[PDB]
Each structure stands twice: as C-alpha cells, then as structure tokens.
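We name chains A, B, ... by the order of the sequence lines, and we start the count at 1 in each one. All values below were derived from every heavy atom in this structure, side-chain atoms included, with hydrogens, water molecules and symmetry-related copies excluded.
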Amino acid sequence: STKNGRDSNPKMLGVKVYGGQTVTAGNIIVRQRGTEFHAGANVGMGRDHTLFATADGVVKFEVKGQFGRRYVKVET
Amino acid sequence: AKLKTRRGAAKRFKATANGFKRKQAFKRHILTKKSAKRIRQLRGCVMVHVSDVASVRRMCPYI
Amino acid sequence: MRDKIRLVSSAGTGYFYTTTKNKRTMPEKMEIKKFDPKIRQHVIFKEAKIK
RNA sequence: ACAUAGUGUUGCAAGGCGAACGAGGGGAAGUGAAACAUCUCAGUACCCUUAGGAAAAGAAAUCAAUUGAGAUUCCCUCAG
RNA sequence: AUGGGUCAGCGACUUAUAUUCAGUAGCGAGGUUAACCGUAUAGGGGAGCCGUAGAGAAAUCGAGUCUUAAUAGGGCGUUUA
RNA sequence: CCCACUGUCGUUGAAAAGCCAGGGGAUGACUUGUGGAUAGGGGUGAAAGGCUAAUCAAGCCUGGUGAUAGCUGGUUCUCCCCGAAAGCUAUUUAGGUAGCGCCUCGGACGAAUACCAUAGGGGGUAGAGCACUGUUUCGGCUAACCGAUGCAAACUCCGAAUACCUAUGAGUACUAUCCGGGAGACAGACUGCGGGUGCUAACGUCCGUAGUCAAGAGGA
RNA sequence: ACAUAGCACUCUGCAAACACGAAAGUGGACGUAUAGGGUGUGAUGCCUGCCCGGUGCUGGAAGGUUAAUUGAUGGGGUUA
RNA sequence: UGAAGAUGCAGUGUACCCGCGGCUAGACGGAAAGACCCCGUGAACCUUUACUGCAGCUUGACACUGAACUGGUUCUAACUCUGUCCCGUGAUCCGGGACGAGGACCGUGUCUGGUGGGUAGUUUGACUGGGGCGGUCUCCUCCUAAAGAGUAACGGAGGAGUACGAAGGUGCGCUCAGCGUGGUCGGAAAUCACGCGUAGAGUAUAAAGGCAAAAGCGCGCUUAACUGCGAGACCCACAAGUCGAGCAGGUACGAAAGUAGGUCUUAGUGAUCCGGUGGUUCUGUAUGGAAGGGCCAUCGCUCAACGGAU
RNA sequence: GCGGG
RNA sequence: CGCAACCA
Ligand SMILES: C[NH+](C)c1cc(NC(=O)CNC(C)(C)C)c(O)c2c1C[C@H]1C[C@H]3[C@H]([NH+](C)C)C(O)=C(C(N)=O)C(=O)[C@@]3(O)C(O)=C1C2=O
Ligand SMILES: C[NH+](C)c1cc(NC(=O)CNC(C)(C)C)c(O)c2c1C[C@H]1C[C@H]3[C@H]([NH+](C)C)C(O)=C(C(N)=O)C(=O)[C@@]3(O)C(O)=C1C2=O
Ligand SMILES: C[NH+](C)c1cc(NC(=O)CNC(C)(C)C)c(O)c2c1C[C@H]1C[C@H]3[C@H]([NH+](C)C)C(O)=C(C(N)=O)C(=O)[C@@]3(O)C(O)=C1C2=O
Ligand SMILES: [Mg+2]
Ligand SMILES: [Mg+2]
Ligand SMILES: [Mg+2]
Ligand SMILES: [Mg+2]
Ligand SMILES: [Mg+2]
Ligand SMILES: [Mg+2]
Ligand SMILES: [Mg+2]
Ligand SMILES: [Mg+2]
Ligand SMILES: [Mg+2]
Ligand SMILES: [Mg+2]
Ligand SMILES: [Mg+2]
Ligand SMILES: [Mg+2]
Ligand SMILES: [Mg+2]
Ligand SMILES: [Mg+2]
Ligand SMILES: [Mg+2]
Ligand SMILES: [Mg+2]
Ligand SMILES: [Mg+2]
Ligand SMILES: [Mg+2]
Ligand SMILES: [Mg+2]
Ligand SMILES: [Mg+2]
Ligand SMILES: [Mg+2]
Ligand SMILES: [Mg+2]
Ligand SMILES: [Mg+2]
Ligand SMILES: [Mg+2]
Ligand SMILES: [Mg+2]
Ligand SMILES: [Mg+2]
Ligand SMILES: [Mg+2]
Ligand SMILES: [Mg+2]
Ligand SMILES: [Mg+2]
Ligand SMILES: [Mg+2]
Ligand SMILES: [Mg+2]
Ligand SMILES: [Mg+2]
Ligand SMILES: [Mg+2]
Ligand SMILES: [Mg+2]
Ligand SMILES: [Mg+2]
Ligand SMILES: [Mg+2]
Ligand SMILES: [Mg+2]
Ligand SMILES: [Mg+2]
Ligand SMILES: [Mg+2]
Ligand SMILES: [Mg+2]
Ligand SMILES: [Mg+2]
Ligand SMILES: [Mg+2]
Ligand SMILES: [Mg+2]
C-alpha cells in the first residue's frame, strides 16, 4: 500500500470566448486562477479573477503596458 | 386497478401550466456558513428539469 | 472552535443575523450596526445565544 | 336437627353427516420494502364454534353546518 | 464450452383494470354517461368525468398573479380543440 | 446367538451394504419375542449431530403456493427499411439499475449544419534551452562568483505541427435543431500512433486517438 | 472418543431442588441430606503449587443512581 | 494453425473392403447443472459481552385484603394445606362437613424496573491484477493529460474537515529579500547609517496560478461579513456549483470622481425526513378562539462507506 | 439529568 | 468518576 491516490475534480478553466467573437454584456470570457489576463475596456473582473464582458461588442486580446500584460477588451 | 399516486412525490411537485414546480434543496438547517446570495437564490420555486419530467409523470399521473 | 450566535435587532422586530465567534478572544457580547429590513433602517444588533 | 348434596323412575330434547355463502373465537410465513426490525403480506391461509335460506345489520345518545337530512344493507361516484 | 439419440404430438409475452401516446370514427367549445330501469345490444338514466385559466404554501386575486417598501426587476402564465 | 476388526471379491451386485476366509463377545452394563409409551425446534441419545419407516444441522404429507430468484436455460411463420453500445455520472454499486451519450419512428422547421478556402484567436505540448528551481563535470578565484560543459513528468528565457473556437464565402450533401412514442446498451477485443505501469515482458494492464471486429461476406 | 467404579464441588428441609405441562397435574419418590439433582474429573499408587485483578457466584447494605405510582408547584388556552 | 493441446483446418505422409480375439494411449471417454475457489444486498443451522423482541425468573404499586395494641406485636374471619376424621362411597380423584396448622403473609391478576443466546427474527459494505489481509472511500493543488475543455490505474507527490469583528470596508501612506561597507556588547545571521538591489521577500494555511493601482505592509474612521433583486453567462445526467454589470432602499469611507453584497483565488463540507427557537392579519374540521399545520429566518448528523438503506 | 472529585 | 435517560 502506497500513499498516493488522491486528486481533485476538474475546474474547467480557460478561455471561453476567443478573439473576434461577439459577446453580450455579462458573457464570461476567461476563467483563470490568477490574472494571466487583465481586464481592458468594457471588461470586468470577478472575485475569483473571472473576466466578463460588461458591454456588447467583439473580444480583442492585446499585449499592453510596460509590464507586457495580456489584456482582454471588448470593442463596442 | 386504478393507478395510485406516489404520495411522497405528490408533496414535492405541483403542476404548472406547462410542467411542474418544486422547492430547492440545501435550505433546511446549515445556514450560517452560506452566503446571502445562496440563501436568497435558493428560496423560491423552480421548474422540474425536463429529464425528470417523465418519472414525475409516472409517479404523479393525476397532477 | 467558533460558536454560533444570533445578532438580534434592538428594534423590537424579530429580525436577526447569525454568525460565529471565538469565545476566548471575544467574551463580551458583540454589538454591531446592521440593516433591519422590517423597519428598513440601520439599528444595533446585540449578541444572543443560538436557539 | 331441618335441609341440601347425592340416587333412582318416567317424559321430552339433543348428539352425527353434508357444497359454498354468514356470524363469531384464534391467527401465520414465504413475499414487498431491491438488505431489514416499524410497516407490508393480512385479519389473508389455516384451525375452532355455531346458523339460515340467506345470515348479519337495523329504526339515531346519527350525520350536517349558518340550520338542513332522516333505520339498516348493497351498487356507481366522490377519489387514488 | 452448453443443449439435443430419433420421430410424432403437446410446450412460453396472456387476461382484467387504470393510465399515457399514436391511428381511426362520431360529435365538436364542447364531448360522454356510470350504476341502474328496461321483452333489454334500443330507449331512459346528467349523478359524475375530461376540456374550456392561471398565479400563489395559503387566504386571495384572476389574463394575470406571486415576490417586494416598489406600480421597479424577475418567476410562472396569457393565440393554442 | 449377537456383533462387525482385517483382507480378497463383488461395485449396471445374488445384495440400494453382501459373500467367503479369518475376527470379537458369548451369565451379562447380555441377547431376544409379544404388547405398550415418548412426535418435529420435538422425542430419544454409554454423545457419533447419531437415530426418529432405504429420508435428518430440524421427518413426511397436504395447504399458504404459480413463495421469491438483480441468476442459468428456452422463447415457434415470411419479406422490406433503418440500425447501436460495451461510455460518463450515481448507486450496500461493480455480471443489476437510473439520467445523459449512441439507435429508431412520428411531427415541426429547412440550410440554421458539415466538409474546404480565407480571416481572426488563446495556448505551453513535441522540439529546444539553462533565464528560474533542482541536478551535474572540469578549470579559475577565497564558499559565493566567473569561463567552459550536460540533464529534467511534477524546471522554462523560448516554442511548433496538429487540434479547438468564431466570422465570411464557393460547391457538394435531407444536414442541423426542436417537440413526442419505443428501445437496446453501460463484460468489449485487436492493430497503429501518444503515454502511465511492468522487465522500454506478456494474446498483460490502464488511459487518449484512429481503424477494424463486435454487427461484415468476398480477394491476399 | 463415550461410559465406568472411585473422587470433588455445589444445590436441595420436603407442597424439596430439578424436569415435563398452557393449567390441572405428573415424575423426583409412595424416596427424606448415608437422600435426590447439576457440574467436572476418571481404577489404583504418589499427589494436586501460586493468583480473587477480570467474569461468575455467595454474603453485606452505609451511601449514590433509579420504575410504575402520586401529584406540589409554575406556565399556557378558553371567558363572566 | 487455431477460443491458445485437432479424426474433421493448411501442408504433407501413409493407407485395398469387412470381421473376430485382445488392449486401454486419445476421443479434453461415460457417470453426477463442481463439493474446492469466487459471486448473490441466497439459505440453513450454530455461537456470543452484535441488534431487537419474547418465555421464564425476579422487584415494587394496586386488587383479592381484615381487626386491635403500639415499623413491629397480637388476633381471626378472607385465603392456604400434595394434615387427621366423617359423608357422598364400593373411591389415596373431587366435593361438602368437623377439627388441627398456618394467615393477612404466601399465592394469582393488571401495571412496572431488573435479568434474560433459554427461545426468536435478523444484520454483519464495496473497491481489489482471485478472495482474504493490508490500504482506500468526501473535498483542494500539481504531474500523468498527447499546447481549448475532459481523460484511468492498489500511477507519482502533497494538503483539507479551519481561521479572522479584524486578518472585513474605505481613505491616506509605505516597499521588500538579499548583498557590501561602517558601528556598545553584537558574533556568519538582531537593531542603526550609507550604497547597490537582477523579484530571489511576503501572502492565516498545501500547491499552482497571481500580486505595483501591489493582492504584500501600516495608520484614521468604520460595519457593504447589508436587505430586495438581477440582464447575461460558465459548468453541468440530475440534484447541485460558479461569476455577474446594473436597479431600488439603507449605509461606511472619501473634498470628489468613486469604492464596498466579506477575506489574492482555487479546500474548510452533508440532501431529504423528524423535530426545536424567533417572526407572521396564511390556515384554523359547526361558529369564535386555541391546538396543530404552512410561510420567512435559523438550530440539531466523522449520516467520514461523505447521493446519506433502519 | 442526578451525585462525587 | 459513577448511576440513569438516546427514534433528525
Ligand atoms: C521601455 N523600457 C526600456 C522602459 C522604459 C522606461 N522609461 C519610461 O517610460 C520613462 N522614461 C523615459 C521615457 C525612458 C525617458 C522605464 O521607466 C522602464 C522601462 C523598462 C521596464 C522594465 C521593467 C521589468 N518588469 C517589471 C516588467 C523588469 O523586470 C525590470 C528589471 N530590471 O528586471 C525593470 O527594470 C522594470 O521594472 C522597469 O523598471 C522598467 C522601467 O522602469
Ligand atoms: C516590485 N516592483 C515595483 C519591481 C521593482 C523593480 N525594481 C526596483 O525595485 C528598482 N530598484 C531600485 C530600488 C531602484 C534600485 C523590479 O526590478 C521588478 C519589480 C517587479 C517584479 C515583477 C516580476 C513578476 N513576477 C515574477 C512576480 C513578473 O511576472 C514579471 C512580468 N513582466 O511578468 C516581472 O517583470 C518580474 O519578474 C520582475 O522582473 C520584477 C522586477 O524586476
Ligand atoms: C530594459 N529593462 C528591461 C531593464 C533591464 C535591466 N537589466 C537587468 O536587470 C538584467 N539583469 C539580469 C542579469 C538579466 C538578471 C535593467 O537593469 C533595467 C531595465 C530598465 C531600466 C529603466 C530605467 C529608467 N531610465 C529612464 C532611467 C527609469 O527611469 C526607471 C524608472 N523610472 O523606474 C528605471 O527603473 C531604470 O532606471 C532602471 O533601473 C532600469 C534597469 O535597471
Ligand atoms: Mg508574469
Ligand atoms: Mg425554515
Ligand atoms: Mg415478515
Ligand atoms: Mg426484502
Ligand atoms: Mg428484494
Ligand atoms: Mg464442461
Ligand atoms: Mg448431451
Ligand atoms: Mg416435435
Ligand atoms: Mg464371519
Ligand atoms: Mg469366548
Ligand atoms: Mg421440524
Ligand atoms: Mg412439548
Ligand atoms: Mg463434530
Ligand atoms: Mg428450519
Ligand atoms: Mg415456477
Ligand atoms: Mg444500412
Ligand atoms: Mg426526423
Ligand atoms: Mg522533451
Ligand atoms: Mg456497470
Ligand atoms: Mg464497464
Ligand atoms: Mg477500454
Ligand atoms: Mg489485452
Ligand atoms: Mg455481443
Ligand atoms: Mg472479412
Ligand atoms: Mg477473407
Ligand atoms: Mg476425561
Ligand atoms: Mg488417575
Ligand atoms: Mg476389436
Ligand atoms: Mg481391460
Ligand atoms: Mg482408451
Ligand atoms: Mg467427462
Ligand atoms: Mg455449476
Ligand atoms: Mg440466534
Ligand atoms: Mg423474513
Ligand atoms: Mg468484494
Ligand atoms: Mg488540457
Ligand atoms: Mg490536446
Ligand atoms: Mg526582471
Ligand atoms: Mg428517514
Ligand atoms: Mg373551529
Ligand atoms: Mg407556525
Ligand atoms: Mg456508500
Ligand atoms: Mg457514495
């Protein structure tokens, strides 16, 4: 008998809406543990770092700033 | 002879115009640890899922 | 462990909240201002034993 | 002691059998519950006593509900 | 791996009652009687049942109703044979 | 006479327990006749769970009774159309079952669908690398650092092909959805490719992915 | 293996213990502690050590705990 | 070769047709739906300090059941005698009568505590490279996992079953860890000063992913760890779970734009049934009340075999 | 829920 | 420390 048999249930994280797709307000874009993506314009962040669309438009990923951050934003 | 109702299920389901309604679980006795969102969103009635409607129709053939 | 306690409204209404408390690091009865929705107003809720 | 108990004679009656159905006295378990003990099976099988052409029940110390019905029994509903 | 020595005959999805769906027939915002009576498959019997409205735990209201301080939002409903 | 220790034979026997040769007891806690008593969770037992009518860890008969059996077996004429699965989740569940996945029929609605092109996306794998975490060889320096030099599922300064998501478009396909009726199935196998395990064993085992078999004959 | 004579422990005062039986009753026994029941050991010879913590059993009864019963108190409901 | 040990398949060798006496190497020969092994939410018996009943034994209360003198002592008239005598009677049963001995005991009924394998009905998990033994069973993190998601093994590693009224909110402020150089003990490593400083510190807690508008560290004031909700999504067999802008009310902080529906996030959990507590012009079996129920809030499960069979 | 320490 | 009460 060994001491390794455990694991947790899957969490289904990841990008839910890719670049160029249309969203409505409230649509979830990214499920992430930390902020590997940061909220740009028309994108909000939930308590578990979920990125969601706060407006209609199309999704657009970028690399911005001097920290080279990945940003999600919604174009209206 | 006459089909008999499963009386325990007749206390859990009520017929709506196009389906059945039911109360939600997890709202009986362990309530301090639950957030106010879960307290207030588990409160009212909901509709019986369409995958349970067949067994509910076989259990309550008169509602 | 932390014991369950009621915070009862001092407004006459039967409204209360429930929370936990560490009985050793907080022996005094908790008093905190909270919203009573029966009078729609912030009042003081005092600690009481869970029922 | 009186008497009673007991004993005998005469008179009348009963006893036993037989289909189901009735009334009453007792009364399971297999089974189901996907296990099982409450519960179910079921007051069923079976045992016992005893009728009649039927039996039982029956003439409100009953129901109803804004003041109604009018003994009992059985059938359809009410209603799974 | 199993079952059959062979022939002939017999041998296994039924019946009742409810209920749901489909077809078909009648009638149709209506449909239909049950026990029962009945020289009796007729005729009578409308008690009942289903449909025609929903919301709400319920009182209650009703094309709305529930929740709510809210006439806001939301749920379930609203032409529907 | 009662018994039954040994051996052969017999074992569809002469016999559902014997014969034959030997063996034990043979005035006793003996053997035996006739009649009687004890009846089934009971009897009786110098006790072997023995015996109780060739039946005994609870007799036989009848009834309950057509007990129940998620288990075996079996399931009877013809043609035409379509056609699975051996998965997931849960289960005193694992050879059962239920919801979903997969089949079929009816209805509704008809390109919403798919294939390919183009466009737009996010990856952290293969490979690579040593910038971090580890590990590693040599040399210099007074252990840290420096130069050179390797390695990594749980290392990453990097980083494909594919796959996946969305939009637009040509052509070719009764496609895709939705509402109902009926299911079966939830033991899978092998081959290749990517892996865990094993001995970089197994017609081994457990996953992912494609094909075949399952349910598919023909040719090699 | 069982039994066995012998041994020991223990129960039993007689309407005995104990057994059977629903009870009546019957066995024990028309016996009476030198008897009867249960338990173990097993002729005989020599013998049979230590442990009373556990579980039994026997004796004790100071205290705690504790049933039915009883029903003081207190609280509520009704309304003159 | 092949469902893996062939009379029947492939290739090949041999062999005229058919008996009788022998023989037992094969026909996985015949016989008996394997007894061993495992499985079934079979069964039967047996055991016990498994569970739950009951018989029996026992305790007390009330009844049969009374009277005196003081918990007793005495009495007799209920009751008892498997004591003697008489009668029925020709009778070791039984009944009645007389006596004797007991005696309000004993015994029996109803209620009640204890005891109770004597008897009864039952239960006694699954996974598993057979089963047992061991281990495990729910949740979180990483790898396996093949660059979307998902993905198994008794594969490789670790954590959880909490904490906190501030460690929550807000406004304002701050920036580490390590090196060098100096300086009272004091020292490699405490505190002070000065220079660098590559993110290597920290984060209530495991790991991963994050963290400068710091999400890390302080100070002031505070209760948004609010109530009613909620477009729209993610994830999903269901039951559940997750995120959520915005709207109304009432707030806190801020000059203000604003920010707050707990905590950097992902573990810290348990359905239903039964019941408890608070509130409630919902109900209230003729009526008015009430009891009881409903509704809203909340409490009681190592139901840990963690979809929980009693 | 009743006593003891 | 013991005796007694245990039917989400
Ligand atoms: C474009 N780069 C060259 C840049 C420019 C400026 N200057 C400005 O924008 C303002 N002053 C200018 C315009 C030059 C006159 C910059 O100010 C900066 C930087 C670079 C960043 C890099 C940062 C980086 N991380 C935090 C994303 C980092 O890891 C380091 C580092 N040394 O490791 C940095 O130094 C960094 O934090 C940093 O400081 C940067 C700049 O400040
Ligand atoms: C804390 N911030 C203000 C900061 C400051 C400096 N530089 C200084 O402090 C300057 N030093 C002085 C005092 C001027 C001499 C910094 O140099 C840095 C950083 C930030 C870190 C951030 C790192 C980060 N991860 C690894 C925690 C990260 O993922 C990135 C990134 N771009 O994705 C980084 O850049 C980061 O690795 C990094 O390099 C930082 C700095 O270098
Ligand atoms: C270009 N970036 C990526 C960069 C790289 C390095 N290099 C390293 O740290 C290398 N270290 C290794 C060996 C790779 C670990 C760098 O060392 C730096 C920087 C950023 C500069 C920026 C400087 C800047 N100028 C305008 C003076 C500046 O104003 C700031 C600022 N306002 O914050 C800086 O931070 C800056 O002075 C600075 O410190 C930089 C670096 O040191
Ligand atoms: Mg980064
Ligand atoms: Mg509640
Ligand atoms: Mg039963
Ligand atoms: Mg059963
Ligand atoms: Mg069953
Ligand atoms: Mg065989
Ligand atoms: Mg055969
Ligand atoms: Mg035939
Ligand atoms: Mg002889
Ligand atoms: Mg002799
Ligand atoms: Mg028997
Ligand atoms: Mg007997
Ligand atoms: Mg034996
Ligand atoms: Mg039996
Ligand atoms: Mg049969
Ligand atoms: Mg076809
Ligand atoms: Mg179709
Ligand atoms: Mg590689
Ligand atoms: Mg299965
Ligand atoms: Mg399977
Ligand atoms: Mg497979
Ligand atoms: Mg294989
Ligand atoms: Mg098959
Ligand atoms: Mg073929
Ligand atoms: Mg072929
Ligand atoms: Mg002996
Ligand atoms: Mg001896
Ligand atoms: Mg021959
Ligand atoms: Mg022979
Ligand atoms: Mg042979
Ligand atoms: Mg054979
Ligand atoms: Mg067999
Ligand atoms: Mg037993
Ligand atoms: Mg039974
Ligand atoms: Mg098992
Ligand atoms: Mg993946
Ligand atoms: Mg992939
Ligand atoms: Mg850097
Ligand atoms: Mg229950
Ligand atoms: Mg009333
Ligand atoms: Mg109430
Ligand atoms: Mg379980
Ligand atoms: Mg489970």
Side-chain angles (χ1 to χ4, degrees), chain A residues 1-37 44-55 58-61 67 70 72, chain B residues 1-5 7-8 10 12 14 16-19 21 23-33 35-52 54-55 57-58 61-62, chain C residues 1-2 4 6 8 13-22 25-26 30-42 48-51:
Chain A
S1 145
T2 181
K3 288 173 319 262
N4 320 307
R6 294 158 317 269
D7 202 4
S8 57
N9 297 316
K11 289 308 146 126
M12 279 64 72
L13 297 183
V15 166
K16 290 329 198 289
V17 176
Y18 295 92
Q21 295 180 39
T22 320
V23 283
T24 65
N27 274 9
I28 295 204
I29 310 156
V30 178
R31 295 277 211 184
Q32 39 172 18
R33 263 300 99 75
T35 64
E36 32 257 34
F37 297 93
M45 188 157 100
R47 53 168 316 271
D48 64 341
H49 308 311
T50 290
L51 292 198
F52 59 101
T54 66
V58 318
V59 152
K60 167 83 181 290
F61 291 79
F67 299 86
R70 286 179 282 164
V72 188
Chain B
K2 257 184 184 184
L3 277 177
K4 280 198 163 183
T5 291
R7 303 299 271 142
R12 266 87 161 197
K14 277 215 184 78
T16 68
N18 305 315
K21 68 183 194 196
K23 292 306 224 204
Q24 305 174 77
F26 294 83
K27 197 62 187 301
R28 283 308 201 192
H29 62 334
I30 316 177
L31 302 154
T32 312
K33 65 178 56 173
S35 53
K37 198 202 218 197
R38 285 225 287 142
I39 289 291
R40 104 179 85 84
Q41 278 175 8
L42 286 184
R43 186 172 285 146
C45 274
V46 292
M47 296 290 290
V48 166
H49 197 276
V50 301
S51 45
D52 308 310
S55 99
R57 246 156 213 161
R58 278 211 309 158
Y62 305 96
Chain C
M1 198 131 298
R2 298 175 69 86
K4 279 181 190 79
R6 273 161 66 233
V8 185
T13 90
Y15 202 80
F16 61 95
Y17 295 78
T18 34
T19 189
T20 66
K21 85 185 291 210
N22 199 335
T25 81
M26 196 160 118
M30 173 163 203
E31 293 211 15
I32 195 189
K33 281 264 294 291
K34 286 189 142 297
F35 175 80
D36 200 330
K38 300 179 94 222
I39 53 168
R40 274 165 91 213
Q41 195 162 345
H42 274 251
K49 43 173 321 193
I50 216 74
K51 35 178 189 44

Which of these nucleotides, [options], is closest to any side-chain atom of [X]?
X     : options                   : answer
B/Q41 : H/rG230, H/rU266, H/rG165 : H/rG230
A/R6  : H/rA271, F/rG122, H/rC139 : H/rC139
B/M47 : E/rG77, F/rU166, H/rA213  : E/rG77
C/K34 : H/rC226, H/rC236, D/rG80  : H/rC226

[N] OP1/OP2 closer than 4.0 Å to side-chain N/O of [X]:
X     : N       : answer
A/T24 : H/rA233 : no
C/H42 : H/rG250 : no
A/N9  : H/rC140 : yes
C/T25 : H/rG165 : yes
B/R43 : H/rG228 : yes

What distance, rounded to whole Å, do you find between the two [atom1] atoms, one in [N] and one in [M]?
N       : M       : atom1 : value
F/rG70  : F/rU93  : P     : 14 Å
H/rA55  : H/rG103 : P     : 34 Å
H/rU115 : G/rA67  : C1'   : 15 Å
H/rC87  : H/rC106 : P     : 39 Å
H/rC253 : H/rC247 : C1'   : 23 Å
H/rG262 : E/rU60  : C1'   : 41 Å
H/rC235 : H/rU198 : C1'   : 43 Å
F/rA14  : F/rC19  : P     : 15 Å

Could you check whether [N] and [M] make a Watson-Crick or G-U wobble pair, counting it only if both donor-acceptor distances come in under 3.5 Å?
N       : M       : answer
F/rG50  : F/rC71  : no
H/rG228 : H/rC179 : no
F/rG169 : F/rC116 : yes
H/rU227 : H/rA248 : yes
E/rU78  : E/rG56  : no
H/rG135 : H/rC127 : yes
F/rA119 : F/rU166 : yes
H/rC75  : H/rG30  : no
F/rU118 : F/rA167 : yes

Residues that [X] engages under side chain to side chain donor-acceptor pair (under 3.5 Å), provided they are two or more places apart:
X     : result
B/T16 : none
C/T13 : C/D36
C/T20 : C/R2
B/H49 : B/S51

Base contacts versus sugar-phosphate-only contacts with protein, heavy atoms under 4.0 Å: please encode nucleotides 298-310 of chain H as B, S and - from 5' to 3'.
BBBB---------

Letter per nucleotide, 5' to 3', of nucleotides 51-71 of chain E [B base touched, S only sugar-phosphate touched, - untouched; heavy atoms, 4.0 Å]:
---SSSS-----------B--

Where the chi angle of H/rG117 falls, syn if within 90° of 0 and anti if not:
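For H/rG117, whose glycosidic angle is within 90° of 0, the conformation is syn.
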
Syn or anti: how is H/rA33 classified when any glycosidic angle within 90° of 0 counts as syn?
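That one's anti.
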
Going by the rule side-chain contact (heavy atoms from CB on, under 4.5 Å), which residues pair with B/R40 if we only count those two or more places apart in sequence or in a different chain?
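side-chain contact (heavy atoms from CB on, under 4.5 Å) list for B/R40, sorted by chain: B/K37, B/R43.
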
With C/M26 via side-chain contact (heavy atoms from CB on, under 4.5 Å) - residues at least two apart
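So C/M26 forms a side-chain contact (heavy atoms from CB on, under 4.5 Å) with C/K21, C/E28, C/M30.
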
For A/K16, salt bridge (charged side-chain N to carboxylate O under 4.0 Å, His left out) partners two or more places apart:
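In terms of salt bridge (charged side-chain N to carboxylate O under 4.0 Å, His left out), with neighbours along the sequence ignored, A/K16 is linked to no residue.
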
Under the salt bridge (charged side-chain N to carboxylate O under 4.0 Å, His left out) test, residues paired with A/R31 that sit two or more places apart
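So A/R31 forms a salt bridge (charged side-chain N to carboxylate O under 4.0 Å, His left out) with A/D48.
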
Tell me, which stems hold RNA chain G, with a stem being 3 or more Watson-Crick or G-U pairs in a row and both distances under 3.5 Å?
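RNA chain G forms these stems: G:6-12 with G:35-41, G:18-20 with G:25-27.
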
Heavy-atom nearest nucleotide on RNA chain F for A/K16 versus B/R57: which residue maps closer to 5'?
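Nearest-nucleotide comparison on RNA chain F picks A/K16.
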
By sign alone, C1'-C2'-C3'-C4' of H/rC264 puts its sugar north or south?
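It's north.
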
For F/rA26, does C1'-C2'-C3'-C4' say north (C3'-endo side) or south (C2'-endo side)?
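F/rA26 falls in the north pucker range.
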
On a heavy-atom basis, which atom in A/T54 and which in A/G44 lie closest, and how many Å separate them?
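Between these two residues, the closest heavy atoms are CG2-N, 3.6 Å.
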
Whole angstrom is fine here: how far is it from CZ in B/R40 over to P in E/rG74?
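The distance from CZ of B/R40 to P of E/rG74 comes to 16 Å, rounded to the nearest Å.
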
How close or far is atom P of H/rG244 from atom CD of A/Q32, stated in whole angstroms?
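The distance from CD of A/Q32 to P of H/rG244 comes to 13 Å, rounded to the nearest Å.
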
Please give the nucleotide sitting opposite F/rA148 as a Watson-Crick or G-U wobble pair, both distances under 3.5 Å, or none.
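Here F/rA148 is engaged in a pair, and the nucleotide opposite it is F/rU137.
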
Restricting to nitrogen or oxygen on both sides, can you table the protein-nucleotides 14-20 of chain E pairs closer than 3.5 Å?
from: E/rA18; atom 1: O2'; to: B/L3; atom 2: N; distance (Å): 3.0

Are A/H49 and H/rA215 stacked, counting the six-membered base ring, centres under 5.5 Å, planes under 30°?
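Yes, A/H49 stacks on the base of H/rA215.
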
